[PDB]
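Heads up, the thing below is written out as structure tokens.
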Amino acid sequence: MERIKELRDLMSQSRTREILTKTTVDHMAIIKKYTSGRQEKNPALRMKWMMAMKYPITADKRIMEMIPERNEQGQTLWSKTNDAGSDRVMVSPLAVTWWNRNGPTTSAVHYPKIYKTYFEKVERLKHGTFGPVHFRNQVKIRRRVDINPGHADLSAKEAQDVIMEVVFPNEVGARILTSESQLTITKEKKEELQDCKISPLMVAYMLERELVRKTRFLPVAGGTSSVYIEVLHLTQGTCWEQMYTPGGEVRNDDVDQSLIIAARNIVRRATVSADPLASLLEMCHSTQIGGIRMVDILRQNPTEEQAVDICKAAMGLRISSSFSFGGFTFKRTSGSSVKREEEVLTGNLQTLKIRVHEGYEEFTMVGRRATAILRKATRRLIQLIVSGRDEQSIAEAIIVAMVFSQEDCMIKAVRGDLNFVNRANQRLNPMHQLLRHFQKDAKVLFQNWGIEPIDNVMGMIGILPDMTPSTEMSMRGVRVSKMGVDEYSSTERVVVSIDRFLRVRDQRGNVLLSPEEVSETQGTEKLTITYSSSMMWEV
Amino acid sequence: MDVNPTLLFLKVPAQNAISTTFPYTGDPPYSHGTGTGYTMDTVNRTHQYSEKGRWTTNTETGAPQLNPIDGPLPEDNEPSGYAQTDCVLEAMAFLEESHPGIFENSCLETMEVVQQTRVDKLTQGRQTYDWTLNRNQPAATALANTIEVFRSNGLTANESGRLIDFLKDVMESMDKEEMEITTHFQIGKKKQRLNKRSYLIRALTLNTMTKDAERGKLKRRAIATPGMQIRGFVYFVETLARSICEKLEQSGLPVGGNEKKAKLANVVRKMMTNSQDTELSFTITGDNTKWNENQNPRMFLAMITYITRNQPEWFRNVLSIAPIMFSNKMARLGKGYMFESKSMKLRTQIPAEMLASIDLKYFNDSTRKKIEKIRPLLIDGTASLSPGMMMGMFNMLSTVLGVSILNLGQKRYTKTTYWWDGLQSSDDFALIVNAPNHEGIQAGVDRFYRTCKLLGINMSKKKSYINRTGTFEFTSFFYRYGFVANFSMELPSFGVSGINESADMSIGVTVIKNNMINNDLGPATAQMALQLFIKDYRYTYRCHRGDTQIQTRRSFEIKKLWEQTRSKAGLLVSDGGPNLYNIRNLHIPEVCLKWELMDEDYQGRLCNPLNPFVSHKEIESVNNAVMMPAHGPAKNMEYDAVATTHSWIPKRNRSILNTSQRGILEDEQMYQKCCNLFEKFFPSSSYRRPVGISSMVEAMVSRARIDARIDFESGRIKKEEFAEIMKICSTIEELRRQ
Amino acid sequence: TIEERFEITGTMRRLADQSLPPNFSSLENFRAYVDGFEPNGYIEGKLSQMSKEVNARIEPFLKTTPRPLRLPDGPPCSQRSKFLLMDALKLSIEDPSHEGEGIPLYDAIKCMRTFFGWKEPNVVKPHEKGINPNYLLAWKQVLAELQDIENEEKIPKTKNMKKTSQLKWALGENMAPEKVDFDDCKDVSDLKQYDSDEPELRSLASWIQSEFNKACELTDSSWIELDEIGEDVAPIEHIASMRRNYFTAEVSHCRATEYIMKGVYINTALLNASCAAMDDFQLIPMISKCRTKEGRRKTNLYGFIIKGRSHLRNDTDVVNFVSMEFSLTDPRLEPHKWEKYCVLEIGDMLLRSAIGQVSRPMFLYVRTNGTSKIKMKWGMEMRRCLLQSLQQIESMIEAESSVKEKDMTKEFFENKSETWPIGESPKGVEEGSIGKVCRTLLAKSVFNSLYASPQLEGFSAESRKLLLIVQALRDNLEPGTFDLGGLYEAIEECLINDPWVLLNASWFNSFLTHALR
RNA sequence: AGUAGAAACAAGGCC
RNA sequence: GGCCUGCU
């Protein structure tokens, strides 16, 4: 009633009539931003300079009927003068503290619910457990780490529609919330905020912060989880490590680690089946995680892992920028390449066809507990530097780079029974078979690679056959460095194809993923994975 | 003994103490008066570095333009803007050859953006030269005034609410024989007309200003601000250029400081460690002199034409328009000049527009020479600036050219034992050239210099040097066998930010935590930063512990609050309470840190929605503060904070009351009143900007009708009220139609 | 389906045709040329034709290559700071009142009453271009006003000043010229452009080095009391607290921290009086609260300021004020340092002497000065110096703790074994402990804030580059340049008249002399 | 006068 | 003498 009367006044006024008739709804935002007020070039000087004047603050005009004109000492608390481009009135800051000492009171039980994230941060810190300070060289690796620790893994656009459906259910538009996760999130969030009386703009902002995922490049050592990055100013330094345990855990860490385990198990089964893709799809449909189905997470969740990527692509979803090989994630960074479809022999005299690439090319190898950088040419490796944590990590990176190089020094180092076919005359992949052969131990590949000199620049460490650092002469091209750059986080989402046997391929024709790159490791899910097809023990 | 801190560098390397060489604790140098002199100087310089070019007279603007592209080749090591179109195109071709499909994909992305993009995004911008008032005005104010003048003249396609339609309207505005603008005096307004040439020079012109708070230079520089017509085309061009630079491992401009450091470290390591021990490798940590002056918009048009190869023609035109306008861009001279008569003891402000006519008795020899050189180019108070870019509007395309020249040393194109690679961010580069001997290094650096002078990219010998690989500098990042912390660039961010009490507290603690994360700030230094920030906070905002005897104008309310409260550890530093912040608690706001210690009465007074102090306008500004970093571009600081009674907005300048444009305040007031009513009708007007193509009143009445019917069917509204509402709905519709 | 149609036509077509290389007349022909363009070895061809003279020959950089930096010649440089640094004197009352817990005017009256020995003031060192009797009359007016405040029952929190001709002159009142329209003043003879010339050249003097030497010295008082922080719960918090305790112990007794506090107080007071009372003149005492080593708190009065009017619009607009400071330093032993100062003789002082009592005279340095909003804002934040300095120290400490896997704060701060070159004696370079380094960097930073100028920024950058060239040479990384004498001319382009910049240049010359060996 | 340094303040407009 | 403004 009050608003329509205001409209009565607006339509009666000619100037208002002008603005209302000519302006469109599209320009309402522009007219919301229409202001003479220039933005402060030096805000500090202008908030230091103004706080020495009477009436430096502004407030709504209702202050005139809520706060008195002066306090007991006689200091004036508000004036009748109005702001420049507003109806608001100029008031001193003593009206604020007066409000805090003599103003109306309310019930702030809503605010913990509103600012949920901040209170989980406080509770996690209050219950955390510190330990010994360990002074030691800190190898800080720049890496993409999620900052928000209660993020429901929804993008800004993805979660703004859930926020609207929760708070503004009639202004959602054509966007239909397909995913089950979104509908559960909607109902649950709707329930807590049934009567919240703070502000729908700040309720929406809070829900955005809580539900919207956020990632930020940060130098990280030690733990990478989300609860471990909010305290990165406290756990990790340049010369000191601080042992610390979060008091709590978040659903996103569990959702991620359980999705990874589920997809790994699914792919492991699907590989031995007759039609891996059909089995994979049927398993992905008949399975769910923590009640919410897994496909919802698969469309909703961005996660970097070979099995998750295979699952997503099999569901026709977008995947990572560059290929995987031997459990490591390679991203090319220079040069072109063409395959050749050529033939060669081994040291055990077995003949094999492979595809060797052309041109000089640089690559950014990546992994779980290591990192590396590679430069090579047609059939020829040029150099490989590694930045792993443990020595066996550097060994893994070096053997992976040598197999990837397709050098004859590696081909002519194969000794023993290495069958390049299955037990039924089925052609396995040569590269993967070499990588499994050289994974028992590569003594001969190390003793046959070669040696070169080094300039001893940067104090870089030498290579190790059997734990013998050599600081002046070492294998050719292979170096080791303290500290790595990670790099791969930026992702140029590439389009791809998939074979029946789960061979991912880019638009060109090269191979990007395969069921052999997924780990052989057997983990234990953090959230309960529930599979209902006929037998509840097959995953 | 006389003390000398520089001798400290005889034991500690210069990179492990470089913070000592940064005098960032004192007032930054500022300009005081007009920037006309620097504008004239820059125009005459950029017309000097291209003087062997060809002159022309524009048939549309009448301006004399100097075109140096495909001009003669340079003969000395002085600056030159004679870029070669064939060489730029060859650079682009080799870039595409080394990174295939990059231009196709970038054009597809930018086409999607063009199809999706809207007009409201132009409100998110810096100061913009309004061409209706000839005055710098906020981006939204300038956009609104331009839209109003367009609709008053006849250009009305923009109701579509698309940026490309606003650009079509800008293009059809130029083919009209007379615009109609409005001018204020002192209170009313007056209609005025602008023939085609006048409107053309107003749409193509740029405003000029002096750049304050710049660290590292004795002499002041000028900067430009474009109008509303160029802003959309330059936005689209920067979208394309960002999309391209994102897919290049050699660019560094679209990424942050940490990604710059990552790229730099990978490149220096690659050129050092990956290269063989037999090869030598040398790093030139260089800069480019007169970068913007020598960057012709015609070669940017060539780059846009190449990048868009085999793309739709509409996309080609929309991206070509911006280089076309920059090639013809004009520069407003500035504020003018002040003249003092000492004998008569008086001062006088002459506007710059009279300089075309003013006698030259009143100027010093330097200014006399500048005016004499610029007068031929002066047309109606503005100087034709065709021969070169003014200040970094096309930054990312320049970075693309730098990455092309850096990519032309891949060793497939040099065809020689030497090669090179590096990282370039506009006006700053690091180039590691690897070669088997010092003759190869010299040949590589000579070919780099020469290939850089054939593309209009000049290398600063004054600011570049070559050493062996392992130590270098890039954008004040000092790499010495690993990156090193500086902390002197980040020093001006360690005080009160000047937004409000809550915001200043949150920003200070978050800046401390960030400087702890990225720039290796220590634990003791972080604690000291907390303590000093809190002292400055308390002294600025007049909020002392409350158990003190500091007599201020705001010491009485704080004492009453201190005495009223039983639990005193629950008060905020803004209300006269203790400081519970430490290293463990840098990631938590000041309201959640103190929530179990607060009294329920104080807790409910502080956190109250009915307060007259808290106002929030849009979701974008709720917790984001534009913070200008020193020796860097103005950034945006996300600051986690809790909405309390301390989260006010501060007052406005209030000088506009004494000027002819005083009636803009009433427009502001009505606009905000109306928008508040619309938000009442549409609750989500603040969160999500409304879209459609309907006049506001029709939506208002339609929502009123829906609300009334719903309320009557099952709500408070009774039949009499519903009838009255529907009667007014009909009355309003009739009034609107009339 | 609707096909999009973005058509260039009319004016923006013609402007389009006039925006190409010179051998083209239409965008369509240029676009066709590009679409048919295929690389055919064009860069190499043009390159060969391009003359050899265009090159980037690398000039080697050796020990004998870098020459010293030339400094300007001219009359000696004069003090620019807004208050006296080493020549300052303190009256005290020993009152247990924290940093701000007082009424500045009441504190000032108490710190002035404790001195007996006042005489009729007379001028000792005149201005040589002004009228010193007006400064004398202004001093006498300040004394009269202080006695008036004393007589009045309640000390005013803020005192206004009368607008006499001495203060109207000394504060620049009715000195600006009137603003008129150019069409009403055209034929005036002396109407001309503002003077825009090179600043007056000035050579380095002996005093900025003694000032820097004394700024790095210890003192008999504490100058920093820090806000409270939370209780330390983690071990790294205890480590940080012990580090900070060492830092503050070494740094709290240092003249640089005294200058930090002086400047912060003075700029706060000046800004607040300027914003609050814009038309009135205002008396502002210079107060600083220390705490002697025994533990008693002490208040200290340095003098008085008299803020003129302050109708400051731009951040560069100037507010004028008259500064008066007590001192014991005779102005007739370094008169070139006091070019802009008037110096009176106001009293006598008997300090604790073993040769009876000395009775050294006591002078008042009076001057007109000015400040801006930005200079005030940046001088209210001199505490940032404490951060930069201590941060660098902490960096060093951590850089050594990383090498030896153990905490090393105690060894450095107590055992004093490590020594960093921190200044050259006639015998040679002499090294000092970590505390001297801390105080030296603090004094550098404080001075940089006090004497901040564009010359300092420029010189800092252009000498950073040369420092890096010398470091590349020191690391045996065969460094080289392309135009080094020009780079020197670019460094020397910034040495004009600023004492701090000339001193930094002298330091750089000494560093180049002692390095490269 | 002073601040400051490539152009400004050292108050501005309105009655 | 009275009001207005202090980045317009």
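As shown in the structure tokens, the chain order sets the letters A, B, ...; within each chain, residues go from 1, and ligands are also counted from 1 in the order they appear.
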Listing only residues of chain D within 8 Å of chain B, what is the closest atom pair and its distance in Å (to one decimal) for each, using only C-alpha atoms (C1' of nucleotides), sorted by chain and residue number ascending, as a Markdown table?
```
| residue | atom | partner | partner_atom | distance |
| --- | --- | --- | --- | --- |
| D:6 | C1' | B:219 | CA | 7.8 |
| D:7 | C1' | B:33 | CA | 4.8 |
| D:8 | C1' | B:32 | CA | 4.6 |
| D:13 | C1' | B:658 | CA | 7.1 |
```
Contacts of range 86-94 of chain B at 7 Å or less, counting only C-alpha atoms (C1' of nucleotides), minus same-chain residues fewer than 5 places along, as an mmCIF file with N, CA and C atoms, in the first residue's frame?
```
data_model
loop_
_atom_site.group_PDB
_atom_site.id
_atom_site.type_symbol
_atom_site.label_atom_id
_atom_site.label_comp_id
_atom_site.auth_asym_id
_atom_site.auth_seq_id
_atom_site.Cartn_x
_atom_site.Cartn_y
_atom_site.Cartn_z
ATOM 1 N N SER B 404 55.560 -12.526 -30.010
ATOM 2 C CA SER B 404 55.931 -12.934 -31.364
ATOM 3 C C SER B 404 57.428 -12.767 -31.597
ATOM 4 N N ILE B 405 57.980 -11.622 -31.193
ATOM 5 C CA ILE B 405 59.414 -11.432 -31.388
ATOM 6 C C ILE B 405 60.201 -12.401 -30.517
ATOM 7 N N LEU B 454 62.372 -3.434 -36.645
ATOM 8 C CA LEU B 454 61.561 -3.559 -37.849
ATOM 9 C C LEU B 454 60.084 -3.754 -37.540
ATOM 10 N N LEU B 455 59.725 -3.896 -36.264
ATOM 11 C CA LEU B 455 58.339 -4.051 -35.843
ATOM 12 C C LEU B 455 57.869 -2.890 -34.977
ATOM 13 N N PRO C 39 54.115 -16.242 -45.914
ATOM 14 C CA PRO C 39 55.508 -15.883 -45.617
ATOM 15 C C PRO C 39 56.454 -16.418 -46.682
ATOM 16 N N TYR C 42 60.567 -12.459 -45.891
ATOM 17 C CA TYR C 42 60.532 -11.005 -45.964
ATOM 18 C C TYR C 42 61.372 -10.334 -44.889
ATOM 19 N N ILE C 43 61.339 -10.846 -43.658
ATOM 20 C CA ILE C 43 62.132 -10.248 -42.587
ATOM 21 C C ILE C 43 63.617 -10.301 -42.923
#
```
Would you write out, as a Markdown table, a table of all residues in chain D that have an atom no more than 12 Å from an atom of chain E, listing for each the closest atom pair and the distance in Å to one decimal, considering only C-alpha atoms (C1' of nucleotides) and ordering rows by chain and rising residue number?
```
| residue | atom | partner | partner_atom | distance |
| --- | --- | --- | --- | --- |
| D:11 | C1' | E:6 | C1' | 9.6 |
| D:12 | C1' | E:5 | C1' | 8.3 |
| D:13 | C1' | E:4 | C1' | 8.8 |
| D:14 | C1' | E:4 | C1' | 7.9 |
| D:15 | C1' | E:3 | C1' | 9.4 |
```
field: Exercise: range 548-562 of chain B partners within 8 Å, only C-alpha atoms (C1' of nucleotides), chain neighbours under 6 positions left out, as JSON, numbers by chain
entry: {"A": [93, 94, 97, 98, 100, 101], "B": [542, 568, 575, 576, 577], "C": [100, 101, 102, 103]}
Output C-alpha atoms for every residue in the selection just made, as a JSON list (two decimals), in the first residue's frame.
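Listing of result-v7.json after writing:
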```
[["chain", "number", "residue", "atom", "x", "y", "z"],
["A", 93, "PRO", "CA", 30.58, 8.68, 14.22],
["A", 94, "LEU", "CA", 29.52, 9.16, 17.86],
["A", 97, "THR", "CA", 29.01, 4.11, 19.35],
["A", 98, "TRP", "CA", 25.95, 5.68, 20.94],
["A", 100, "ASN", "CA", 26.17, 0.45, 20.51],
["A", 101, "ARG", "CA", 25.71, 1.73, 24.09],
["B", 542, "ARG", "CA", 39.46, 7.66, 17.43],
["B", 568, "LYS", "CA", 35.34, -6.39, 27.95],
["B", 575, "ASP", "CA", 34.24, 0.28, 19.88],
["B", 576, "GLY", "CA", 37.17, 0.56, 22.30],
["B", 577, "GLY", "CA", 38.19, -3.02, 22.99],
["C", 100, "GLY", "CA", 48.29, 10.46, 24.19],
["C", 101, "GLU", "CA", 46.78, 10.57, 27.69],
["C", 102, "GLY", "CA", 46.93, 14.32, 28.16],
["C", 103, "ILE", "CA", 45.85, 17.75, 27.01]]
```
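All chain C residues having an atom within 6 Å of chain D, based on only C-alpha atoms (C1' of nucleotides), amount to residues 172, 175, 176, 196, 311, 317, 318, 368, 369 and 370 of chain C.
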Let me see the file: selected residues, N, CA and C atoms, as a PDB file, in the first residue's frame.
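Once everything was written out, this is again.pdb:
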```pdb
ATOM      1  N   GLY C 172      51.533  33.564   5.241  1.00  0.00           N
ATOM      2  CA  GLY C 172      51.175  33.763   3.853  1.00  0.00           C
ATOM      3  C   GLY C 172      49.703  34.081   3.720  1.00  0.00           C
ATOM      4  N   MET C 175      48.645  36.790   0.185  1.00  0.00           N
ATOM      5  CA  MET C 175      49.807  36.750  -0.695  1.00  0.00           C
ATOM      6  C   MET C 175      49.490  36.184  -2.065  1.00  0.00           C
ATOM      7  N   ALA C 176      48.607  35.199  -2.143  1.00  0.00           N
ATOM      8  CA  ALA C 176      48.147  34.731  -3.440  1.00  0.00           C
ATOM      9  C   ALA C 176      47.630  35.916  -4.256  1.00  0.00           C
ATOM     10  N   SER C 196      59.212  27.861 -14.761  1.00  0.00           N
ATOM     11  CA  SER C 196      59.379  26.413 -14.913  1.00  0.00           C
ATOM     12  C   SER C 196      60.800  26.191 -15.422  1.00  0.00           C
ATOM     13  N   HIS C 311      42.763  26.083   3.709  1.00  0.00           N
ATOM     14  CA  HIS C 311      41.718  25.809   2.726  1.00  0.00           C
ATOM     15  C   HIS C 311      42.336  25.008   1.586  1.00  0.00           C
ATOM     16  N   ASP C 317      47.908  21.132  -2.724  1.00  0.00           N
ATOM     17  CA  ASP C 317      47.734  22.456  -2.149  1.00  0.00           C
ATOM     18  C   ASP C 317      48.466  22.533  -0.816  1.00  0.00           C
ATOM     19  N   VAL C 318      48.961  23.723  -0.494  1.00  0.00           N
ATOM     20  CA  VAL C 318      49.913  23.913   0.593  1.00  0.00           C
ATOM     21  C   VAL C 318      49.231  24.641   1.742  1.00  0.00           C
ATOM     22  N   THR C 368      59.276  29.599   8.693  1.00  0.00           N
ATOM     23  CA  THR C 368      58.055  29.366   7.941  1.00  0.00           C
ATOM     24  C   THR C 368      58.254  28.121   7.093  1.00  0.00           C
ATOM     25  N   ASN C 369      57.266  27.234   7.105  1.00  0.00           N
ATOM     26  CA  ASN C 369      57.310  26.021   6.310  1.00  0.00           C
ATOM     27  C   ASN C 369      55.907  25.739   5.798  1.00  0.00           C
ATOM     28  N   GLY C 370      55.761  24.629   5.089  1.00  0.00           N
ATOM     29  CA  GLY C 370      54.484  24.297   4.494  1.00  0.00           C
ATOM     30  C   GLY C 370      54.395  22.813   4.255  1.00  0.00           C
TER      31      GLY C 370
END
```
